[PDB]
6 protein chains.
Amino acid sequence: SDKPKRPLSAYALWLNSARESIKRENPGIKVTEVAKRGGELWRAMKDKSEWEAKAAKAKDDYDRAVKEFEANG
Amino acid sequence: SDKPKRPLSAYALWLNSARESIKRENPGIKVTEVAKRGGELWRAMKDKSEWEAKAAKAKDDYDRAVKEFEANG
Amino acid sequence: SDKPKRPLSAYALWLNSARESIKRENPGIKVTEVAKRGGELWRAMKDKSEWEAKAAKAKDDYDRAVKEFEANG
Amino acid sequence: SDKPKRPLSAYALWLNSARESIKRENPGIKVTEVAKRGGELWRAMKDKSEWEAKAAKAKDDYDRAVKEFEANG
Amino acid sequence: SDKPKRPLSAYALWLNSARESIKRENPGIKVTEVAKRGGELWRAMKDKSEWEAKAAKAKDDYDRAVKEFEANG
Amino acid sequence: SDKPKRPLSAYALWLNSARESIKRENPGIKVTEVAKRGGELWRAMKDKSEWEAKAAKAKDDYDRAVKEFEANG
DNA sequence: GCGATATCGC
DNA sequence: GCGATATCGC
DNA sequence: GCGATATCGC
DNA sequence: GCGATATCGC
DNA sequence: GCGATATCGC
DNA sequence: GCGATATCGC
DNA sequence: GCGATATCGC
DNA sequence: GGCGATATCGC
DNA sequence: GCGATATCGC
DNA sequence: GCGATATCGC
């Protein structure tokens, strides 16, 4: 029916959960500097357990669904 | 001293634990045929979570060890 | 898991490679009758020579393992 | 020290108690046929409780003695 | 500068001399489909020698530059 | 039909063409010495192009001959 | 691994 | 043959 | 004991 | 290319 | 395999 | 003394 | 457009 | 993980 | 539990 | 070889 949207990356899923915090600690931070700081906070991250787990799962499904679009659909 | 070796893949990790069952199910199977079977099973596997989790922590560890190597040469 | 699993019998190694034949020959088959069918086919076979030869090779690999386990802790 | 032999079975216990009887009811019996006639009488036997209960204690003692030889190895 | 970058593979060195030709032969083809089509056209080429030669001259020099770097600057 | 033997490597080809010359230069040389001296005349060999070209053709031919064997029985 | 006759060694 | 044996078939 | 092939995965 | 794993050819 | 150098049974 | 096997690093 | 990462063949 | 081409999805 | 063979005791 | 119970894949 509809080419399944690409799944979210690990950094994307993390950034989602941590955007509000980065905006709170940096009042009036513009659009680009959030990504920048998010990037920096990511590169300096110690335990990326949850976010590499999910992004791999989300990919597995996406790959199964991509098959599905070419199978049925 | 030695630069860290590349981290083990989700598949490489699963296979280390599943090698002997493949040998058990196909007596006298050649290494080549064991790999192709290892592949056949990996591609059929619905739940890869365990192996993707271990793979992830493996790449964390690894990238630590890589920083420490660049850092202290 | 440390204790080496018993090797697969000639019947088992055959069954492992007739499961989809039986299933295809018996559409809509209760997951018990498929087992009894294998028994009926295993008995009704004649050239059991392939699967006997293969299950001997299992014992060979298996013997080494048990002996290697019981000795090397 | 020596690991225990497996417990005797209701059948095997009865037989021990009922061997010399079969022998007398069938003088100069060939041990081949004692085994057979033993079977016949065992399958015909409607009250097996003596031997199941004797068998149960036999199991219970063997489980007990199995437990206490994993300790004092 | 620092690290010598890995040399270009034989298919890779040929692709760089056929990319334009493919992009012409299929209007509106994307890198995904290009790379795919590259295969089907390489896994079919006759006198592969020119590209194999260059790849090895490349490999030889890379090896003779990864030695220099891990020795000097 | 016999299986095509695996193709010769660039070193294997050079060494073959160079055993004679090595012998002339180290009279009475033992087989394990020739191995060791073939090892270091190679590493020192700055221009390996000829023997890399030959190893490549051998591979192309061999690859296409495998395509023959494993298709035309 | 036991209870019969079937090998065995002197 | 009589005592120590491999073997027999459940 | 080196330099590959052979088969998967990254 | 690297990894893992065995074997081939010399 | 590559082959110099021993070994071993005729 | 002469064929047939055994060895060793890469 | 930045920007972390993903796609493809090897 | 490394390459050499973009091509995404999230602001 | 259920299908098969494998194993232990006698 | 017989009964019984173990083990293994579904």
# chains A, B, ... in the order shown; residues from 1 in each chain; ligands from 1
$ calpha_fit_rmsd --fixed "chain C" --moving "chain A"
1.2 Å
$ residues_around --residues "residue 1 (chain J)" --least-positions-apart "5" --cutoff "10 Å" --atoms "only C-alpha atoms (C1' of nucleotides)" --output "list in words"
residues 6, 7, 8 and 9 of chain E; 10 of chain M; 1, 2 and 3 of chain N
$ select_by_dssp --residues "region 14-73 of chain A" --states "helix (DSSP H, G or I)" --output "MDAnalysis selection string"
chainID A and resid 14:24 31:43 49:71
$ residues_around --residues "residue 10 (chain N)" --least-positions-apart "2" --cutoff "12 Å" --atoms "only C-alpha atoms (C1' of nucleotides)" --output "PyMOL selection string"
(chain A and resi 7-9+11-16+19+31-32+34-35) or (chain M and resi 2-5) or (chain N and resi 8)
$ closest_atom_pairs --of "chain F" --to "chain K" --cutoff "8 Å" --atoms "only C-alpha atoms (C1' of nucleotides)" --output "CSV"
residue,atom,partner,partner_atom,distance
F:28,CA,K:4,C1',7.7
F:29,CA,K:4,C1',7.9
F:30,CA,K:4,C1',5.8
F:31,CA,K:2,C1',6.1
$ write_last_selection --atoms "N, CA and C atoms" --output "mmCIF file, in the first residue's frame"
data_model
loop_
_atom_site.group_PDB
_atom_site.id
_atom_site.type_symbol
_atom_site.label_atom_id
_atom_site.label_comp_id
_atom_site.auth_asym_id
_atom_site.auth_seq_id
_atom_site.Cartn_x
_atom_site.Cartn_y
_atom_site.Cartn_z
ATOM 1 N N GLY F 28 73.017 -25.996 -3.306
ATOM 2 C CA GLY F 28 72.818 -27.014 -2.277
ATOM 3 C C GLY F 28 71.769 -26.641 -1.255
ATOM 4 N N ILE F 29 71.042 -25.556 -1.542
ATOM 5 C CA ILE F 29 70.001 -25.003 -0.665
ATOM 6 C C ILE F 29 68.900 -26.032 -0.380
ATOM 7 N N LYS F 30 68.476 -26.108 0.878
ATOM 8 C CA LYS F 30 67.388 -27.003 1.288
ATOM 9 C C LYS F 30 66.021 -26.349 1.039
ATOM 10 N N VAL F 31 64.997 -27.171 0.833
ATOM 11 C CA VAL F 31 63.645 -26.711 0.477
ATOM 12 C C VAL F 31 63.009 -25.660 1.410
#
$ interface_residues --of "chain B" --to "chain A" --cutoff "7 Å" --atoms "only C-alpha atoms" --output "PyMOL selection string"
chain B and resi 49+52-53+56-57
$ write_last_selection --atoms "N, CA and C atoms" --output "PDB file, in the first residue's frame"
ATOM      1  N   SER B  49      16.875  -9.517  18.850  1.00  0.00           N
ATOM      2  CA  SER B  49      17.153  -8.583  19.948  1.00  0.00           C
ATOM      3  C   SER B  49      18.393  -8.955  20.766  1.00  0.00           C
ATOM      4  N   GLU B  52      21.552  -8.330  18.874  1.00  0.00           N
ATOM      5  CA  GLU B  52      21.730  -6.933  18.508  1.00  0.00           C
ATOM      6  C   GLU B  52      22.110  -6.107  19.737  1.00  0.00           C
ATOM      7  N   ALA B  53      21.596  -6.504  20.897  1.00  0.00           N
ATOM      8  CA  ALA B  53      21.979  -5.890  22.159  1.00  0.00           C
ATOM      9  C   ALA B  53      23.451  -6.124  22.451  1.00  0.00           C
ATOM     10  N   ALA B  56      25.619  -4.260  20.174  1.00  0.00           N
ATOM     11  CA  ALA B  56      25.639  -2.827  20.479  1.00  0.00           C
ATOM     12  C   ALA B  56      26.650  -2.526  21.562  1.00  0.00           C
ATOM     13  N   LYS B  57      26.525  -3.200  22.704  1.00  0.00           N
ATOM     14  CA  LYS B  57      27.498  -3.056  23.791  1.00  0.00           C
ATOM     15  C   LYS B  57      28.920  -3.348  23.307  1.00  0.00           C
TER      16      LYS B  57
END
$ atom_distance --atom1 "CA of residue 58 (chain A)" --atom2 "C1' of residue 4 (chain N)"
26.9 Å
$ atom_distance --atom1 "CA of residue 44 (chain E)" --atom2 "CA of residue 39 (chain B)"
25.7 Å
